[PDB]
Amino acid sequence: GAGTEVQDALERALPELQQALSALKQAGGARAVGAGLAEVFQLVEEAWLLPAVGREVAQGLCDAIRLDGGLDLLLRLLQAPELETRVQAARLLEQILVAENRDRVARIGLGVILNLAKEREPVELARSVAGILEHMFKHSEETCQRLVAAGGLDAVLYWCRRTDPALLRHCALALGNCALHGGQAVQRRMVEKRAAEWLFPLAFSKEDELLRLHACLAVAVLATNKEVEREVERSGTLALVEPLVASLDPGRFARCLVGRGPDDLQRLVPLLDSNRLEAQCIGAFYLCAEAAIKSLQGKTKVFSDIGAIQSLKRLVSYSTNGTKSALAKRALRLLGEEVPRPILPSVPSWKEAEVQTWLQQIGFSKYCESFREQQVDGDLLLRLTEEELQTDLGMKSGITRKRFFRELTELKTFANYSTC
Amino acid sequence: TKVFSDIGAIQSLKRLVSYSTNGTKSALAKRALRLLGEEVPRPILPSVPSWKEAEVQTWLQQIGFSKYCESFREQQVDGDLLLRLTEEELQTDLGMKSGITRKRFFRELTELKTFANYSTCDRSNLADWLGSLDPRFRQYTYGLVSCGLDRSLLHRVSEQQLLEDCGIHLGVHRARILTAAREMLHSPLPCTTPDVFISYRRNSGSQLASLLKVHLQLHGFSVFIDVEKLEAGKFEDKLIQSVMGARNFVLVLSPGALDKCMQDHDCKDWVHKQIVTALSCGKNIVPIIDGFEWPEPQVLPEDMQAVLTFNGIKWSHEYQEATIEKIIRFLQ
Amino acid sequence: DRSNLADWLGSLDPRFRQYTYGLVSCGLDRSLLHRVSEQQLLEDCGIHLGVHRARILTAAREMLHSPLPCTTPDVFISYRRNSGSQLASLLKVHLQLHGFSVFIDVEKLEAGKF
Amino acid sequence: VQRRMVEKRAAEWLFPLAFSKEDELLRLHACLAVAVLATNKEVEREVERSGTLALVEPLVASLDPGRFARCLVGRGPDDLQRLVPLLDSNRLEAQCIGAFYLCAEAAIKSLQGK
């Protein structure tokens, strides 16, 4: 297996990590410390930059740094009043924040980081600080809330008036991870601090493409917050979403990844079941990119259990948006799934045929027989009832009935009536 | 390691994590769970509205009701059909024949709702309102908002409806909420064009233009930005009207903006076009120097040379706040 | 319980105590007992002796009548982080027991927000 | 067809090949051959008399699944299924070679995640 090869690369790097750890123990003014930092940075850099299976190599490296020297070492280096020390150490952090690294650095010394945020002048420093927070806003709602009480939100917002590419990429990605990982009152805090009004200069850039894309994923998941929905819209930012999604391509940046796990994907399907245009389009976009990637790897099963496939059968069935429908179909075919036809809006005039078609298009094809028996058509459908279903159509589970009526409503919600 | 089971804290230790939110608490709980060598459950999903059948099964296990996971995957119980589960539904269709079971399942279901998030479904936080009423009134947030009700409309519900539609059964709670509502009506009665146009180089000043937009909007200034990324389609049709609608006219003097406006006597340059129309309508024109060097008058077409007469404002990328208050002093 | 519906039912009748949980499992307390219906006490609170129902209820409408249930620092503590800490806590206790809004440097870090 | 094979001394010519001191995949596949043959009871008695199934278990012991699973990067949903009958047989050789190839393809399909 390749695991032996990863162990091989480790048997090389771990000694280098010991050399570094040694080099860090001597409290050099700015020379030996910085040297050790810079080198161990490259050691884990080529680990991430390992063209072979090198992800888990870097994971083992950060594991060793946590089990040998921990983070508290680096934490104290962050309180060393010398800039360069802080900067380099922060760079190191920026590459070592694994989930467990996040847990530790949170529990022990996130407040130190919070002290680093108050100072923002060195663009190289600020870049690192931003990325660190970005990874940290992925940890826990409590962690976020703490970052919110602290100027852990003020800093990323102050940093939206500068021009560093990686910095702004960090800030956008950060606030996006925040909103998706903050919590109800947290999104509140976001908008109440003019969050969208500072996601604006970034999604609007003529400079970077992933910058705007993520910067719009942010406002998009925000749109899942009805409570601030009205303020988000008033910011004048959700306009930029659909044009941009139209502009770019799923695959062209799916290959800029090679993406997510079974939980960073699932935190997005709620973007597809929303009521708003922006959430649907960005959701279909990211889902199409990850569908291409997971089909390349062949891991096309996760989507089913998280179940976006059903939604992808709805952002077309009752769709009306071209870009939305196109991206949805593209993800459906990259997942190799039955693209349904756009159903007929003149639901009054549905004959038994489209009744059967529709019955399938909701995964209730299991009843198509019963309905073709009872001649359910565009009228007898819309006036279906409880006793009718449960008794004559044998749908014995109200839990079924409760669901069928749900979809039936959404259908009517789409249904046209110019005939009746 | 057997005493804990019979005293039964293990169940609690599966709850000081499941609906946990405290890091130290959760950590110590997991540590005890592993020292007892017990299945640490995952922190369940707060967006209970959006629970698919999967997490429904996961949760069903995480309460020791995995014995029903089969029945629920059969009935497609999800983040909605779950929250609206009822007595007859459970006992009859889901075969949970013991009410003593049902009484317990509903107990946990309540605690779940007590934790459940609703940022997708509520619109005006009936959640915290019920919460501020009673810390355990939160258990009917979805029970309500599944009936088109909110703050502003709670004041006219009947008691009966709250029994029939909202599915609450503790008549005491019914009277309590209702009385709270008629008071919500009484003391906290829920009652019922541009000013600034942005002209900017399509690439260079775009960044700073967005910055100015943000600033002035945060200061309450109706600002119009050239949202279009094409500079095409309707060639100078609606944007000119937007110019006419903005009393104040903002222009970012970015490097390389005016050289494509020089000697465009054909009025082809959209920026130039906006310059001419804003000049003609006598708007409050605001040019903003940032890295741009002043050109010759004659090299510009006469219809746009008038901008050189207005005050140039240099932008400080540091004192952007002071730069913006200075900018605001010029507005009308 | 939060406000001892227990002893209240007790002071009413030594064997009325048998519905404490029967009540507080319905969000009721002292201050809110005065507006329960009889029916609720049959349906929600699950008591069945209608005599007891009338008796409690009558007691409540009286609870409303005679015993109607109605609705920054002054002192800062500076102390050595280790030496005076004990005596500082003592002073805190004393002055609080005397009704003095006292602020103690609760933080054990002397760090964070400097 | 397997009849025709053995009747033409098939195993007796799979012998010089699974016995090679030269190639490792050569013998391995050369033994997979006699192994699936062993699923033929009708010739089972002749296969055994050829004196070839002896070499199977020693060889399987010698080599490794992964070391040659990486010599692939394997099969599809039908070139795999034509082998599980090697695991449900009654004989030692079929079981061992079947578990071997299955372990290699399990490593590969886990690498891909399939």
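As summarised from the PDB record, the model derives from cryo-EM at a stated resolution of 4.02 Å.

Caption draft 1: Representation of a nonpolar patch on the surface within the structure. Residues and elements named next belong to chain B. Residues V3, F4 and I7 make up a contiguous nonpolar surface patch of about 330 Å² in total accessible area. Counting through the fold element by element, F4 comes out in helix α1 (residues 3-7). Look at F4 and you get partly exposed, because its relative accessible area is 46%.

Caption draft 2: The arrangement of helix α18 (residues 277-297) of chain A in detail. Residue and element names in this part refer to chain A. Along its 21 residues, α18 runs 30 Å from first to last C-alpha, staying within 8% of the 30 Å computed at 1.5 Å per residue. For α18, a buried count of 16 out of 21 residues is recorded, marking the element as mostly surrounded by other parts of the structure. Downstream of α18 by a residue or two, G298 has a phi angle that is positive, lying close to 95 degrees.

Caption draft 3: Highlighting the nonpolar core. If you look at the biggest cluster of nonpolar residues, it comprises 121 residues, and the most contacted ones within it are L93, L153, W159 and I282 of chain A together with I198 of chain B. For this core, the element with the highest residue contribution is helix α13 (residues 209-222) of chain A, accounting for eleven residues. In contact with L153 of chain A, not counting residues within four places along its chain, are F137, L147, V148, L175, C178 and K193 of chain A. Core analysis: the second largest hydrophobic core is formed by 29 residues, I63, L81, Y142 and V145 of chain B among them.

Caption draft 4: Quick peek at helix α11 (residues 184-192) of chain A. All names here are of chain A. The set of residues buried in α11 consists of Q184, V186, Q187, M190 and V191. End-on view of α11: buried residues confined to an arc of 160 degrees, all on one side of the axis. Contacts made by the buried residues of α11 are with α8 (141-149), α10 (165-182), α13 and α14 (226-234). Just past α11, the residue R194 takes up positive phi, approximately 65 degrees.

Caption draft 5: Examining the environment of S235 of chain A more closely. Summarising the element assignment, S235 of chain A is placed in the loop between α14 and α15 (241-247). The exposure class assigned to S235 of chain A is buried, which follows from its relative accessible area of 1%. Between the alpha carbons of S235 of chain A and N101 of chain A there is a distance of 36 Å; along the sequence they are 134 residues apart. In this structure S235 of chain A touches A196 and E197 of chain A together with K213 and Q217 of chain B, once residues within four positions along its chain are discounted.

Caption draft 6: Main features of the interface of chain B and chain A. Residue-level contacts link 45 residues of chain B with 44 residues of chain A. On the surface where chain B and chain A come into contact, there are six salt bridges. Residue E229 of chain A is joined to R123 of chain B by a salt bridge in which the shortest nitrogen-to-oxygen separation is 3.9 Å. Inspection of the chain B/chain A interface yields 18 residue pairs in polar contact. Elements represented by at least two residues in the side of chain B that touches chain A include exactly α4 (23-35), α5 (53-61), α7 (87-93) and α13 (206-218) of chain B. Broken down by element, the side of chain B that touches chain A gets its largest block of residues, nine residues, from α13 of chain B. For the side of chain B that touches chain A, the class distribution of residues is 14 nonpolar, 18 polar and 13 charged.

Caption draft 7: Quick peek at the pairing of strand β4 (residues 284-289) of chain B. Residues and elements named next belong to chain B. Within β4, six of the six residues are buried, which leaves it mostly tucked inside the rest of the structure. Of the two faces of β4, the one lined by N284, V286 and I288 and the one lined by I285, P287 and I289 are each fully buried. Of the strand pairs in this sheet, strand β3 (residues 248-253) and β4 are connected by six bridges, and their pairing is parallel. Each bridged residue has a counterpart across the sheet, and for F249 the counterpart in β4 is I285. Pairing analysis gives two bridges linking β4 to strand β5 (residues 313-314), with the strands arranged parallel.

Caption draft 8: The arrangement of unusual backbone geometry in detail. If you check the backbone angles, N125 of chain B has positive phi at about 60 degrees while not being a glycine. The exposure class of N125 of chain B is buried, given its relative accessible area of 12%. Of note in the backbone geometry, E110 of chain C takes a positive phi value of approximately 50 degrees without being a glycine. Looking at the element boundaries, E110 of chain C is found in the segment after β2 (102-103). We classify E110 of chain C as exposed; its relative accessible area is 53%.

Here is what the cut-offs are and how they apply
- Residues numbered from 1 in each chain as written, not as in the entry; some residues may be left out.
- Chains lettered and ligands numbered in written order.
- Part of a larger assembly, values for the part shown.
- Heavy atoms only, no water.
- Patch = residues over 30% accessible without salt bridge, like charges linked within 9 Å, V, L, I, M, F, W, Y side chains within 5 Å.
- Areas by Shrake-Rupley, 256 points an atom, 1.4 Å probe, with all protein chains shown as cover.
- Salt bridge = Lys/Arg side-chain N within 4 Å of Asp/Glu carboxyl O.
- Helix = DSSP H or I, 4+ residues; strand = E, 2+ residues; numbered from the N terminus.
- Buried < 20%, exposed > 50% of the residue type's maximum accessible area, 1.4 Å probe, protein only.
- Expected span 1.5 Å × (residues − 1).
- Core = buried A, V, L, I, M, F, W, Y, C linked by side-chain atoms within 4.5 Å.
- Contact = heavy atoms within 4.5 Å.
- Arc of directions from axis to C-beta.
- Polar contact = N/O pair within 3.5 Å; in protein donor to acceptor, adjacent residues only side chain to side chain.
- Nonpolar A, V, L, I, M, F, W, Y, C, P; charged D, E, K, R; others polar.
- Pairing = 2+ DSSP bridges.

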